[PDB]
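K.L.:
Quick one: structure below, then a few questions.
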Amino acid sequence: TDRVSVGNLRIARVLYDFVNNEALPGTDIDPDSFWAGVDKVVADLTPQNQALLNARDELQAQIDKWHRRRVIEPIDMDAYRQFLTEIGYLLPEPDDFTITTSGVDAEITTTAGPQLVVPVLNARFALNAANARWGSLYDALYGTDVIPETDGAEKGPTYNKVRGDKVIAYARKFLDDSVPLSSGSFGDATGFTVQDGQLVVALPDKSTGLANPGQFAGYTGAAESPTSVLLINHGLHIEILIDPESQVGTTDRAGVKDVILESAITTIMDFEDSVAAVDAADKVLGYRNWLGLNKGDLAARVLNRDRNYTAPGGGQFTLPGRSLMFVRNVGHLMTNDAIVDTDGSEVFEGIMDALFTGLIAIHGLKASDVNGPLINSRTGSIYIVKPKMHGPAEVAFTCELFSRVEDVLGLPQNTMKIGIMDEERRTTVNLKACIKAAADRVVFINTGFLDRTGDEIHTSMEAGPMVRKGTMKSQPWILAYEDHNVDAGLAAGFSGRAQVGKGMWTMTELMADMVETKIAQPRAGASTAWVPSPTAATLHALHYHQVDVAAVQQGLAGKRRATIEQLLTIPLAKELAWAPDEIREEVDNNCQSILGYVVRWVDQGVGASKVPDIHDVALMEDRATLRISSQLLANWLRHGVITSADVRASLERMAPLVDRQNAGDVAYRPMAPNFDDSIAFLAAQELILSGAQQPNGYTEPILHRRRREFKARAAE
Ligand SMILES: O=C(O)C(=O)CC(=O)c1c(Cl)cccc1Cl
Ligand SMILES: [Mg+2]
Ligand SMILES: [Mg+2]
Ligand SMILES: [Mg+2]
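Printed below as a string of structure tokens:
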């Protein structure tokens, strides 16, 4: 019909044309050979892909039955452990080893700093994310609640000097704490100059140098009256901008205009849980943005050039202006009708993403005609985050998929590197083996704690009612999971070789709380962690200036801080855990978050949205937070905590409020009062009522079906 025949495959024409006219030119890959390879790789690897998914279902069925045949309230951990080993869930731990991944860029092997994740289908957001390698600290402090909006310090239509002076003082303390002077405080500086290759800071009664002059990295403008001074601390750059005639500079004792922080060191361009892509048209929209980013010519606003500096001694150098880009492919579960076979069966989407995003990534290995030939990877790697894997065999399948794609693309073996999400229970408890199976490709491990919480609930669905969603974040199993991840990475030699990463801060407006609390992640040895915005990347960067992550990792070496038993502690709620009002709060909490996210997913194809929780906190929602919410309500329904009328009432209670939050979005179609005429409302209900029967609690089967249903109704 609208499809192209290649071997056993029938490729949607819009995808075929995109690859041929846009992605292949410039790669020197013969098109006929590429498409033949697509057919061959799909033909060869689809059977094992399916067997792996069938094995998940078989393991879950056995675990479900294990719980159903037992009465004893305290789970006998010795028996449970023996059972998981019996059925092949818990595998033997391999001998100690060190990863051998080579050809990785310094932003990954060495630098500790924030990692930003952004939906690749939004070109404006993706551009801003790539440019977020540098960000204004003054803008992040002035614009967020990190500076409280106390009396006199509020934001207004125009600049509030009381507030600005607080921003200035906050940043002076940061400089004092990060790049200390030999004597005195940056707060009292009157000027900066460069003399004999040394930074000299003028104070009211004297001048001083840096306590550690090696932290002076360079400057711009004349040495005797610079326009900026560049410092480095824990491998991250700080730039003091000097302009006494600027709007902020005129108020500053040294004429300082701003403090620029190296912020988003790396960025993950997401094809997975933060985007809605259910057919070839949606996939091409995302592939084309990924292509623009790797060619440097994406424009919505354009991509930044590298930054030019004068060295202390007076030579010239440059620093990268863009964040180093990963791409998050989808995982092993879903198919997509962008390609179907001769039976009409859809092709696995993860296989397609490896082929198409790897092809497109070749452009990021060569000079771009649109900015000073910036190469995403100078060392020659393609960085793919692979989510939602369950255990070492699934990691091995990813490595073999990448190997076969490298052959189709004519790339050297192991060009395609893997950032492993540790976000499913069966990977958590076999993590050493998972790393070993990717020992020559792995570039990070990351605790995707929200997916991991959803898997936790689904895996033990039959055991009993789980604690409330907010309680999960502090349960024994998750704290052990976080420490176990760091322990495994460090023991595999990640320090100096690969990132050890932690999860996303989702409260996009609570930046004071983020700055107060997220420091725990670098303090735990994580060399990176996820932020939702360029502004949050700049603010999270502060933590890497306060915490010497490299020293932390060095002091953690050899420690074994989590046992298998701690990892397997199921978050079952205690008897009589909740009052009636607390149960209704949690139902309303989850139903509002589900509805607010799903309505924009199904009706507008938006895969990540800010949705208020029960306490009015704006939360960046994506599929993982939806997985938790729907699995938790499904678990409470499964065990008699709530009735199906409680669920219906809550969904109908919260639905008009969600309509109110989205009012007038032109393309907004209200759910109330005719709930069962709304495909989005029905999707939300189905996610809860079918949640116990979704494989590992994944939300994509229902979301994809319902989004496609919406698109089909709109077309007629
Ligand atoms: O926790 C894991 O499972 C993740 O993988 C996290 C994730 O996607 C995400 C993103 Cl990028 C933005 C907003 C909210 C979340 Cl939850
Ligand atoms: Mg069953
Ligand atoms: Mg995840
Ligand atoms: Mg230090």
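Just so we're aligned: the sequence shown equals residues 2 to 301, 312 to 727 in the authors' numbering. Note that the Cβ used here is the ideal one computed from N, Cα and C, for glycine as well.
For residue 45, tell me which candidate among 561, 645, 230 and 415 has the shortest Cα-Cα distance.
P.N.:
As a position in the sequence shown, residue 45 is number 44, starting the count at 1. Out of 561, 645, 230 and 415, 415 has the C-alpha closest to the C-alpha of residue 45.
K.L.:
Unbroken beta strand (DSSP E) runs of length 3 or more, entirely within the segment 141-210: which are they?
P.N.:
192-196 and 199-203
K.L.:
With respect to 8 Å, is the separation between the Cβ of residue 62 and the closest non-hydrogen atom of ligand 2 below this value?
P.N.:
Reading the sequence shown from its first residue, position 61 is the one you call residue 62. Residue 62 Cβ: within cutoff of ligand 2.
K.L.:
Where does residue 1 sit, in a helix, a strand or coil, going by DSSP?
P.N.:
Because residue 1 is not part of the residues shown, which for the chain are 2 to 727, the question remains open.
K.L.:
Could you check what DSSP says for residue 582 in three-state terms: helix, strand or coil?
P.N.:
Walking along the sequence shown from the start, residue 582 turns up at place 571. In this structure, residue 582 counts as coil in the three-state DSSP scheme.
K.L.:
Does the distance between the C-beta of residue 65 and the nearest non-hydrogen atom of ligand 2 fall short of 8 Å?
P.N.:
As a first step, residue 65 is located in the sequence shown; it is residue number 64 there, counting from the start. Yes.
K.L.:
Any contact of the segment 556-563 with the segment 464-475, i.e. 3+ C-beta pairs under 8 Å?
P.N.:
Cβ pair count under 8 Å is below three, so no.
K.L.:
List the residues that DSSP assigns as beta-bridge partners of residue 52.
P.N.:
For the purposes of this step, residue 52 is taken as the residue at position 51 of the sequence shown. For residue 52, which the question treats as bridged, DSSP gives no partner whatsoever.
K.L.:
Which partner residues does residue 510 have in the DSSP bridge list?
P.N.:
For the purposes of this step, residue 510 is taken as the residue at position 499 of the sequence shown. Answer by DSSP bridge pairing, in chain order: 455.
K.L.:
Taking the beta strand (DSSP E) that residue 654 falls in, what are its first and last residues?
P.N.:
As a first step, residue 654 must be located in the sequence shown, where it is residue number 643. Looking at the DSSP string, residue 654 is not in any beta strand (DSSP E), and its letter there is neither H nor E.
K.L.:
Less than 8 Å separating the Cβ of residue 439 from some heavy atom of ligand 1?
P.N.:
For the purposes of this step, residue 439 is identified with residue 428 of the sequence shown, where counting begins at 1. The answer is no for residue 439.
K.L.:
Which residues have a Cβ closer than 5 Å to any heavy atom of ligand 3, listed in chain order?
P.N.:
My final list is 434, 459, 462 and 635.
K.L.:
For a quick check, are the C-beta atoms of residue 614 and residue 690 less than 9 Å apart?
P.N.:
Residue numbering aside, residue 614 sits at position 603 when the sequence shown is read from its first letter. Residue numbering aside, residue 690 sits at position 679 when the sequence shown is read from its first letter. Between residue 614 and residue 690, the gap from beta carbon to beta carbon is short of 9 Å.
K.L.:
In terms of alpha-carbon separation, which member of 526, 656, 23 and 687 lies closest to residue 145?
P.N.:
Taking the sequence shown and counting its residues from 1, one reaches residue 145 at position 144. Of the candidates 526, 656, 23 and 687, the one whose C-alpha sits nearest the C-alpha of residue 145 is 526.
K.L.:
In chain order, which alpha helix (DSSP H) runs of at least 4 residues are fully inside the segment 37-96?
P.N.:
Segments of the alpha helix (DSSP H) lying fully in the segment 37-96: 78-87.
K.L.:
Do residue 460 and residue 489 have their C-beta atoms closer together than 9 Å?
P.N.:
In the sequence shown, counting from the first residue as 1, residue 460 sits at position 449. In the sequence shown, counting from the first residue as 1, residue 489 sits at position 478. A contact, by the Cβ cut-off of 9 Å.
K.L.:
When you compare the segment 650-667 with the segment 712-722, are there three or more beta-carbon pairs, one atom per stretch, that lie closer than 8 Å?
P.N.:
Three or more Cβ pairs closer than 8 Å define a contact, and the segment 650-667 falls short of that threshold against the segment 712-722.
K.L.:
Counting only the same chain and skipping the five closest in sequence on each side, list residues whose C-beta sits under 6 Å from that of residue 367.
P.N.:
Your numbering for residue 367 matches position 356 in the sequence shown. For residue 367, where only same-chain residues beyond five positions count, the Cβ hits under 6 Å are 288.
K.L.:
Under 6 Å Cβ to Cβ from residue 230, same chain only, skipping five residues before and after it: list those, please.
P.N.:
One-based indexing of the sequence shown puts residue 230 at position 229. Only residues of its own chain outside the window of five on either side were considered, and among them 193, 220 and 241 have a CB closer than 6 Å to the CB of residue 230, listed in chain order.
K.L.:
Please determine, among 404, 451 and 159, the residue with the shortest C-alpha to C-alpha distance to residue 437.
P.N.:
Counting from 1 along the sequence shown, the entry for residue 437 is found at position 426. Of 404, 451 and 159, the residue nearest in Cα terms is 404.
K.L.:
What's the call for residue 268, buried or exposed, on a 16-neighbour Cβ count within 10 Å?
P.N.:
Translated into positions along the sequence shown, residue 268 becomes position 267. Taking every protein chain shown into account, the CB of residue 268 has 16 or more other CB atoms within 10 angstroms, so this residue is buried.
K.L.:
Counting Cβ pairs, one atom from each stretch, are 3 or more of them under 8 Å apart for the segment 586-602 and the segment 624-637?
P.N.:
yes
K.L.:
Indicate, with yes or no, if ligand 1 has a heavy atom lying under 8 Å from the CB of residue 628.
P.N.:
Position 617 of the sequence shown holds residue 628. For residue 628, the shortest separation between its Cβ and any heavy atom of ligand 1 does not lie below 8 Å.
K.L.:
Does the separation of the CB atoms of residue 635 and residue 465 fall below 9 Å?
P.N.:
On the sequence shown, position 624 is the one that residue 635 refers to. On the sequence shown, position 454 is the one that residue 465 refers to. Contact flag set, yes.
K.L.:
For residue 587, which three-state DSSP category applies?
P.N.:
The sequence position of residue 587 within the sequence shown is 576, counting from 1. If DSSP states are grouped into helix, strand and coil, residue 587 belongs with coil.
K.L.:
Just grab the DSSP bridge partners of residue 137 for me.
P.N.:
By one-based count along the sequence shown, residue 137 stands at place 136. Partner(s): 261.
K.L.:
Please say whether residue 133 and residue 275 have beta carbons closer to each other than 9 Å?
P.N.:
Taking the first residue of the sequence shown as 1, we reach residue 275 at position 274. Taking the first residue of the sequence shown as 1, we reach residue 133 at position 132. No. Outside cutoff.
K.L.:
What three-state label does DSSP hand residue 21 in the structure shown?
P.N.:
Locating residue 21 in the sequence shown gives position 20, counting from the first residue. Three-state DSSP puts residue 21 in a helix.
K.L.:
Any heavy atom of ligand 1 closer than 8 Å to the Cβ of residue 268?
P.N.:
The sequence position of residue 268 within the sequence shown is 267, counting from 1. The answer is no for residue 268.
K.L.:
Round the Cβ separation of residue 259 and residue 139 to the nearest angstrom and send it over; I've been treating them as touching at under 8 Å.
P.N.:
On the sequence shown, position 258 is the one that residue 259 refers to. On the sequence shown, position 138 is the one that residue 139 refers to. Yes, residue 259 and residue 139 are in contact; Cβ-Cβ is about 5 Å, under 8 Å.
K.L.:
Assess, as a yes-or-no matter, whether the segment 578-587 is touched by the segment 479-493 under the definition of 3 or more beta carbon pairs within less than 8 Å.
P.N.:
yes
K.L.:
Return the first residue and the last residue of the beta strand (DSSP E) that residue 337 is part of.
P.N.:
Here residue 337 is taken as the residue at index 326 of the sequence shown, counted from 1. Counting along the chain, the beta strand (DSSP E) containing residue 337 begins and ends at 335-339.
K.L.:
Between the segment 385-396 and the segment 58-65, can you find at least three pairs of beta-carbon atoms closer than 8 Å?
P.N.:
no
K.L.:
How long is the line joining the alpha carbons of residue 37 and residue 7, rounded to whole angstroms?
P.N.:
Against the sequence shown, residue 37 aligns to sequence position 36. Against the sequence shown, residue 7 aligns to sequence position 6. About 7 Å.
K.L.:
Taking the alpha-carbon positions, what's the residue 447 to residue 412 distance?
P.N.:
Here residue 447 is taken as the residue at index 436 of the sequence shown, counted from 1. Here residue 412 is taken as the residue at index 401 of the sequence shown, counted from 1. One C-alpha to the other measures close to 16 Å.
K.L.:
Please state the DSSP three-state secondary structure of residue 522.
P.N.:
If you number the sequence shown from 1, residue 522 lands on position 511. It is helical.
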